[PDB]
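Residue numbers (the UniProt record's numbering), protein chains in the order written: chain Y, 1 to 80; chain V, 2 to 206; chain F, 7 to 86; chain P, 2 to 88. Below is one structure, written out as structure tokens; the observations come after it.
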Amino acid sequence: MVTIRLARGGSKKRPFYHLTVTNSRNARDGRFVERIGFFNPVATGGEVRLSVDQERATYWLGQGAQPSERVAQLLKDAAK
Amino acid sequence: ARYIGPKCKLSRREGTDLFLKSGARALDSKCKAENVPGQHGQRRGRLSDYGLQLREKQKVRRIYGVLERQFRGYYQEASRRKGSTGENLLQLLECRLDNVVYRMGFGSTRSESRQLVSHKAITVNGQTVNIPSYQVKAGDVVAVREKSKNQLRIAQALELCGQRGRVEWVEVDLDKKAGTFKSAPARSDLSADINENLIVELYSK
Amino acid sequence: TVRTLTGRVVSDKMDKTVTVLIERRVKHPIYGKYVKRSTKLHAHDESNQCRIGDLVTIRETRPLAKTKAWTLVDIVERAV
Amino acid sequence: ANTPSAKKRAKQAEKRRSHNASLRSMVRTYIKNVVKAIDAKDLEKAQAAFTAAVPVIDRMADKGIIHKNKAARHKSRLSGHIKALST
RNA sequence: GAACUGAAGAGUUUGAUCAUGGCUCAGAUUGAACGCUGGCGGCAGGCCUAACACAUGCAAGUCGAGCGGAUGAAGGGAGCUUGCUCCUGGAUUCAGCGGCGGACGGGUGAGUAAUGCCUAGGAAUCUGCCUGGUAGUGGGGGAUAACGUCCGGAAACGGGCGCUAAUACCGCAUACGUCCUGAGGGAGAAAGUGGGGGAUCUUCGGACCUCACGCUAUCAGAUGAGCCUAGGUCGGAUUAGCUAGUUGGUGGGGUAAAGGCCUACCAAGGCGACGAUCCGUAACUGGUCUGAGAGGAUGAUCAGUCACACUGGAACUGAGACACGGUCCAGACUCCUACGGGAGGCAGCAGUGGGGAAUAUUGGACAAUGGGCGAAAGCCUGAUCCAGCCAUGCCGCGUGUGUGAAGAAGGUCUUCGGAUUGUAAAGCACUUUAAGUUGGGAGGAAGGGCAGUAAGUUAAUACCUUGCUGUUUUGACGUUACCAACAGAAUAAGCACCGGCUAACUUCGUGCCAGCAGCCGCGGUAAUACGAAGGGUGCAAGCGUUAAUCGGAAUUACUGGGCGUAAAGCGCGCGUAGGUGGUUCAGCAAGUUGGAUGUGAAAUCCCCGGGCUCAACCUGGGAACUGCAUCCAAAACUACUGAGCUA
RNA sequence: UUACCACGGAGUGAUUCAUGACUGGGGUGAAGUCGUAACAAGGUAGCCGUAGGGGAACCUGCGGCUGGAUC
Numbered sequence: 001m002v003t004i005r006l007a008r009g010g011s012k013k014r015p016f017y018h019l020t021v022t023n024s025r026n027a028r029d030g031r032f033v034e035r036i037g038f039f040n041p042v043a044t045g046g047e048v049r050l051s052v053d054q055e056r057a058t059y060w061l062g063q064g065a066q067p068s069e070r071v072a073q074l075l076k077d078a079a080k
Numbered sequence: 002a003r004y005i006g007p008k009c010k011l012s013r014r015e016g017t018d019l020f021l022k023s024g025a026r027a028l029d030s031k032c033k034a035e036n037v038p039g040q041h042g043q044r045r046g047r048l049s050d051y052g053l054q055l056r057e058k059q060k061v062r063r064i065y066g067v068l069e070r071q072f073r074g075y076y077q078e079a080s081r082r083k084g085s086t087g088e089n090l091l092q093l094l095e096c097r098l099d100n101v102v103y104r105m106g107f108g109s110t111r112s113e114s115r116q117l118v119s120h121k122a123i124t125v126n127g128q129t130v131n132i133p134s135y136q137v138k139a140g141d142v143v144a145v146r147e148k149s150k151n152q153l154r155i156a157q158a159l160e161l162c163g164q165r166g167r168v169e170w171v172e173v174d175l176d177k178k179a180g181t182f183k184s185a186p187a188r189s190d191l192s193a194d195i196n197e198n199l200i201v202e203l204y205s206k
Numbered sequence: 007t008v009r010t011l012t013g014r015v016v017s018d019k020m021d022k023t024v025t026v027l028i029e030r031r032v033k034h035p036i037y038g039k040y041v042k043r044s045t046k047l048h049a050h051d052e053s054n055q056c057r058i059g060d061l062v063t064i065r066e067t068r069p070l071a072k073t074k075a076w077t078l079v080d081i082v083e084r085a086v
Numbered sequence: 002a003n004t005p006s007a008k009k010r011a012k013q014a015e016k017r018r019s020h021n022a023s024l025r026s027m028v029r030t031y032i033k034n035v036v037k038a039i040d041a042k043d044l045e046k047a048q049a050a051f052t053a054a055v056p057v058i059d060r061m062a063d064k065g066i067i068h069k070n071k072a073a074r075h076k077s078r079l080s081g082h083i084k085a086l087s088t
């Protein structure tokens, strides 16, 4: 299964997530086929909280990728 | 950390008016500035080429109270930033919050400014910054915290700043005790007694 | 379309296969001088025509022996 | 040391290995009956073994015993040999 | 717009000089260790050696909405008057059959010099779960756990005798695809479960419709894996020959797939100074350190690949393994035993013993992000998120601020005048970061349950799915970051050096002794070089020493050195491979040049910004990856081809 | 029951490491014995190759060289 999940790529007590397209068997922060966007839960000023790159998100979704419970909520929030 | 100790020895070793003391009295009436400190202050002996650069290095270090590790990084950032490594150098440590407050005249000396800034008594752009080494930008407003407005130290130093040479690149409002940083000074705006080319050559050794 | 290599043949004492020498010129990484290199490849010859000394051409093709993955295009020059 | 889930899987695989070996043996003998017939050059019983062989080899190929590609290859080689025998 | 801006030398051969030439030093860095010292916080790092052995605890479970049994409540009816017992009821949650997972995630670098890795291509393949499409899920049969009983065994457990279920197993029917085929034909599957329901029938369980989860056949996609080709990948030639399944061919077998992968036969082939084979070492790469660059050294953290799982070997199941916490056998070790036999594999996370100069807690939680199972609730997760210890490193802050001559005392030197410690202290005012106490205080939380509503669907307003509304609930860390108030300078400075290189000097004691020492060297009775004091210098919660790499070293010289005498022209010819080749015309386009395309993983380096009070750190975009492959243009030079000319 | 094959066993080599009575040279030494071989024409010019001899530096022959003094 190819999946769209969040790769924890920030720092201690300051999480940052990469919206990542990858096979479900790979590790969270490990191998992937493509990164498509990112999510900042602690964005304060000019930091963009969520960038999605809506184009490639549909392509992998059309290929059968199954987003996780967090990305699916974030995907709706991006389009809402 | 920081150097804590007698201050004339820093000036006496070099023989230049280091601004470690308030301008209440001239340094000659306070200390024997015509001799280097220590038992053998009356000798002679020409300094080597490397010694002149090192003494030049410590003058910039001792005037602003900076350790070289930051200075070496400040050199690295000055070497990083485009333009001459010469004038990129002095601007970097002229924008320190303690030095800017000293230019604003809130402290008679940079030692007063450092303690006054470190004690959360200064807010720049409305947010309290209690670090000496903050790098202020052009257009930044630096103010004193409202609880610290009645400090006699800034009250005394603001007048002492009058008879010290009015610096052009920053302006201060006496009633609000707040000033704004217009722009970084150029070489002509700082004292020419320094030789910033000795700074670069020494660190190439 | 398909990458075909050219070289001088060197040995034909086998059955239905001929060995072709490939001439290369790779510069030395440091000294930057072209040194002639050798690449002997075991080419397959479904029927035998090529004798020793003929320039021929070969394609990377099906592995059809333990050391034979290349087969002949044609003789471009025959060693008369 | 050993989890109860691993113990169950080993028991499950041993039961399946005995079950699979019987079925895999059935495929092997049925083809073997044909190969013995071609090697004996007995045409009349060649297809009788062959026609008896074709059901079972796909019956276990669909079961996943020998994979369908292997079963397909066996049919072609066996048919070709019997085709070569009928001259 | 930017992705660069970048290069120091000194000491030492001599009576003295120039050159050559080696040695040493000034620098950057480390998973570092040792000595002295020691306040805090953020981020990161933390057995480099014994791939040594492992006590203890956890690290892979989950599904009752697949199945059989047990446990059997709430709620009702009874003798007693509900103490205590008998019936209906099935809410649960459980050992075991089955399904999925266990091949992921995690650890280590032993082996491996190429069946590995890197780059660029190719085709013959397989690919669970996922997505889209297509055709179906029809009807039977025979068993076995669990269960009861018996026997054997110390245990591990094993063996009979009877019973039963399935989405367990196997027949039969059927075939949009699919497999083989003399293209005429032949062959091949499946499984049901839950919710709800308007009619119809019923054995009264249900049949039937719908929804959802499934299962079967097959096509395509995606992911992953397998295979093949060419180039590259440490040192050694005081290692030159190596290889008969060896190298090809033919037939057959075998694999998911080609292939000596295997075999039968035929031929004598195949590799190698362009370094085969052998020996020693070694995981490889992105990258990291250093360097102006070219280069040199290196392969921690993080990421990709590989190999390994106590040693050797082997297969089984499965889509996927020859499988760390699976199976079998052999071996060494540890342990239990009733002596007949059994059990185990921390190079998973903690921890222990041992080795070593040296590297940490027997911690909390699934809150977040992932993973497995499940319809969901939910469970597990030593992945992960956090916390404990360590100046191990980077970064940031503090250990106070101004005034203050009495130039106080004491110490040191003294020319005996004085100087120096020294505005330094004392004193007078002052603030109190950080630490302490108290108080307030985000965010990391997405969601779930319940109820309602709207939409979709279905014959249905029912069930179910999705979007909103209201309520209640989820934070391990944490006693949070962060913010206020109180108090008091109060809780906070040490290390190395002072002859030159190299910034910084006197005195005292010693007297070639003690000792110092990176080199020059110092010390044999007036030592700025030993030990101490004062003074100063540099650095600072760090300071030095060691160990190692690069630089300096143009001291392996491609950039960028030399060979008359300093080391270096073979004793001298000829000549093989190779290297290089006069001049003119034409062609070609491998080199060469320009462009385009694909690739050159992400992270890192670099440039411009953004967020932590700044920085370290994180992150957005760009640049770069100097390479390879293909294509398109060009023909000055090289290479090739053809034709000439005479130097 | 046969084929494959691990452990284990036998023989015979190769290589590498560590040791070994004794023996050979090499280096460093606070300096002892015997000479004085080279450096000046070093008191027989020196050196190179080779051969023989001698306690030792060395000597001698043969060829070669100047990296030899006087002239």
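Where a beta carbon is used, it is the ideal one built from N, C-alpha and C, also for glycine.
List the endpoints of the continuous beta strand (DSSP E) containing residue i.
i, result
"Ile66/P", "Taken as a continuous stretch (DSSP letters only), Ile66/P belongs to no beta strand (DSSP E), as it is neither H nor E."
"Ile36/Y", "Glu34 to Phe39"
"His18/Y", "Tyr17 to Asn23"
"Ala7/Y", "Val2 to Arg8"
"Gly180/V", "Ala179 to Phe182"
Assign residue i to one of two classes, buried (16 or more other C-beta atoms within 10 Å of its C-beta) or exposed (fewer than that).
i, result
"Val86/F", "exposed"
"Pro5/P", "exposed"
"residue 1/V", "Summary: the structure shown does not reach residue 1/V, with chain V confined to residues 2 through 206, and so no result is reported for it."
"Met1/Y", "exposed"
"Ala72/Y", "exposed"
"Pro56/P", "exposed"
"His75/P", "buried"
"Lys80/Y", "exposed"
"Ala85/P", "exposed"
"residue 92/F", "In the structure as shown, chain F begins at 7 and stops at 86. Residue 92/F is therefore absent and cannot be evaluated."
"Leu90/V", "buried"
Following the continuous alpha helix (DSSP H) through residue i, name the residue where it begins and the one where it ends.
i, result
"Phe72/V", "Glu69 to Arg81"
"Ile155/V", "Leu153 to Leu161"
"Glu172/V", "Where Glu172/V is concerned, there is no enclosing alpha helix (DSSP H), although the beta strand (DSSP E) it sits in stretches over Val171 to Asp174."
"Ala78/Y", "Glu69 to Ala79"
"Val201/V", "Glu197 to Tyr204"
"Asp40/P", "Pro5 to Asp40"
"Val61/V", "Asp50 to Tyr65"
"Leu61/Y", "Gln54 to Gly62"
"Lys10/V", "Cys9 to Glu15"
"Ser30/V", "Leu28 to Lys31"
Can you give the beta carbon distance from residue i to residue j, rounded, assuming they're within the 8 Å contact cut?
i, j, result
"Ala122/V", "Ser149/V", "4 Å"
"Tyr31/P", "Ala47/P", "Actually they do not touch by this definition, with Cβ atoms about 13 Å apart."
"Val173/V", "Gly180/V", "4 Å"
"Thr10/F", "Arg65/F", "5 Å"
"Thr22/Y", "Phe32/Y", "4 Å"
Review point. At which residue ranges does the region 12-81 of chain F contain complete beta strand (DSSP E) runs of 3 or more residues, listed in the order of the chain?
Key: Segments of the beta strand (DSSP E) lying fully in the region 12-81 of chain F: 23-33, 40-50 and 61-71.
Point to revise | Three or more C-beta pairs below 8 Å linking the region 44-58 of chain F and the region 21-28 of chain F | key: Touching, yes.
Practice item. Determine, using beta-carbon pairs with one atom in the region 12-25 of chain V and one in the region 109-122 of chain V, whether at least three such pairs fall under 8 Å. Key: Yes, they touch.
**Study point:** Whole runs of the beta strand (DSSP E) within the UniProt domain "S4 RNA-binding" (96-156) of chain V, excluding any shorter than 3 residues
**Key:** For the UniProt domain "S4 RNA-binding" (96-156) of chain V, whole beta strand (DSSP E) runs of length 3 or above, ordered along the chain, are 123-125 and 142-145.
**Study point:** Validate contact between the region 194-206 of chain V and the region 42-55 of chain V using beta carbons, cut 8 Å, 3 pairs
**Key:** These segments touch.
Exercise for review: Check whether the region 2-20 of chain V touches the region 34-53 of chain V, counting contact only when three or more Cβ pairs, one atom from each stretch, lie closer than 8 Å.
Suggested key: The region 2-20 of chain V makes contact with the region 34-53 of chain V, as at least three CB pairs between them are under 8 Å.
**Study point:** Cβ contact check for the region 97-107 of chain V and the region 153-161 of chain V: 3 or more pairs under 8 Å
**Key:** Yes, they touch.
Point to revise | Touching by the beta-carbon criterion (3+ pairs, under 8 Å), the region 118-133 of chain V and the region 71-84 of chain V | key: The region 118-133 of chain V vs the region 71-84 of chain V: no contact.
Practice item. Mind the definition here: the region 6-15 of chain Y touches the region 45-56 of chain Y only if three or more C-beta pairs lie below 8 Å; say whether that holds. Key: The region 6-15 of chain Y, when compared against the region 45-56 of chain Y, does not touch it at the 8 Å Cβ threshold.
Check your understanding: Taking three-plus beta-carbon pairs below 8 Å as touching, is the region 57-75 of chain P in contact with the region 22-37 of chain P?
Key -> Flag = yes, the region 57-75 of chain P and the region 22-37 of chain P touch.
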